[PDB]
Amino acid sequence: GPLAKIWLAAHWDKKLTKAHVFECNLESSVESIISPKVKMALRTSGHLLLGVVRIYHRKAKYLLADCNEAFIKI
């Protein structure tokens, strides 16, 4: 599921490429952490939070790249 990709971005951000970073919907990712499924201990929730912010961070950096190359091309 999507919590799995979040789990990967928390601990092993290497095996995570642009394709997951762009495909990922943070709003639904976050929503599946907030709302049930199998209820999580606080420790796992903290990992998933760091994973969500990790992807948010990558999404922001990728947008920074496609900008600093489209403002240098036009």
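Each residue number is its position in the shown sequence, starting from 1. Only the largest set of C-alpha atoms that superpose within 1.5 Å between the two forms is called the rigid core.
Core fit done; bigger CA RMS in 4 other deposited structures of this protein for 24-32 or for 37-45? The stretch that sits farther from the shown form in 4 other deposited structures of this protein is 37-45.
If you average the CA temperature factors as listed in the entry, which stretch comes out higher, 52-60 or 10-18? According to the entry, 10-18 carries the higher average C-alpha B-factor.
Average Cα temperature factor in the PDB entry - higher stretch of 20-28, 61-69: According to the PDB entry, the answer is 61-69.
Lowest, middle or highest third: which one holds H47 when the chain's residues are ordered by CA B-factor from the entry? Lowest third, going by the recorded CA B-factors of the chain.
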